[PDB]
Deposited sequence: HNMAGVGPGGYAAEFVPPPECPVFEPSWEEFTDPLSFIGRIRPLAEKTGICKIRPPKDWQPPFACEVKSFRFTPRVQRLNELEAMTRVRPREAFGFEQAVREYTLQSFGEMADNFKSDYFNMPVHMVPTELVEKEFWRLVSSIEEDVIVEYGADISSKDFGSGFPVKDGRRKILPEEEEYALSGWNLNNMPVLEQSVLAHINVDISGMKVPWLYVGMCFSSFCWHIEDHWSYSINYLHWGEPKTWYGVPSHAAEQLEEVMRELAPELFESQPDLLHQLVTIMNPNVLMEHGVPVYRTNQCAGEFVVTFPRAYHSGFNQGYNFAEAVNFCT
């Protein structure tokens, strides 16, 4: 069965360290760039309100067939959901799948089952992911001073915070956050960012998001293993298309000498990915994440 990779670094900045995100990320870089990804827990009292327009939030998530590569056009037929109705679907799926309440399923069991399903020919599990929803559609999950929604006085600090993903620097010398509504086993395959950018990711609420990261010094190693083992039909494809289908069990990479680190990101925690750090992951259950690429 699946062997979990070693844990990536988790930082718990003091209020002083938490004052300036870019300065903090610059200070942790000597360790975090050797692991590709890191997790950042804000101070206990830092709790932004959730600011999306929940009444109107509606979307059609994309269908994900976990074993689609191993299996090598009308299978499912995706409903439109609200946040509430997607959550009911997601929780019913997971509690039915594991025969237990959703909060009682061990994170290690979901992880082992996910990778078993990805390689399974005998069982075809299909899930849905509300992925790549623009923050322009119904707003960011962070409060923003654009006069579209009311900001209470207690929330203004969060609208002005440098850790609000809307306030991260995005202009490179010579771009808004995206939202992800997850359910159990919804996933993202191995990729790096455009322009080898940093990215920052915040889990607003819900069950954890499980991550795998590879430090940039091993980017070429990972790409070589991919070419050796990815389907040939897709191996010859340019990277920006191959990255749509680069699903690979972390233990395969590890057997080929590629360093891989993991983490479970819980509600209210950040994950930072460093330049050219390949990353992949899946969701443990119903959750809501926001992500943006940023410039230093």
- Item | Deposited residues without C-alpha coordinates, grouped into stretches that follow sequence order | 1 to 13, 86 to 94, 197 to 208
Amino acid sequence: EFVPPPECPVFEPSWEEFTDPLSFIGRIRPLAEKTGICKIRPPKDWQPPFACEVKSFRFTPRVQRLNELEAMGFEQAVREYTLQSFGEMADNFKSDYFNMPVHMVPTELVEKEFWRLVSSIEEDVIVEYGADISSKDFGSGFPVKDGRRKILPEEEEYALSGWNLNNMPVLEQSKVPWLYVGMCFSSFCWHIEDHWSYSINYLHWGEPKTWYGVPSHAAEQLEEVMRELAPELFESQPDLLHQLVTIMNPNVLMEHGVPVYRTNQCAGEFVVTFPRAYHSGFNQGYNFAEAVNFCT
From here on, numbers count along this sequence of modelled residues.
- Averaging C-alpha B-factors over each stretch, which comes out higher, 126 to 134 or 192 to 200? 126 to 134
- Mean C-alpha temperature factor, higher of 220 to 228 and 183 to 191: 220 to 228
- Between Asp96, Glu172, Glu88, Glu111, let me know which has the highest C-alpha B-factor in the entry? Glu172
- If you check the C-alpha B-factor for each of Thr273, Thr19, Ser280, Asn283 in the entry, which is highest? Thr19
- Lowest, middle or highest third of the chain for the C-alpha temperature factor of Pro43? highest
- Note on the structure: In terms of its chain's C-alpha B-factors, the third that includes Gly139 is the highest
- Item | Third of chain Cα B-factors occupied by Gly36 | lowest
- For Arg116, return the chain-relative third of its C-alpha B-factor as stated in the PDB record: lowest, middle or highest. middle
- Message: Ranking every modelled residue in this chain by its Cα temperature factor as given in the entry, which third contains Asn249?
- Response: middle
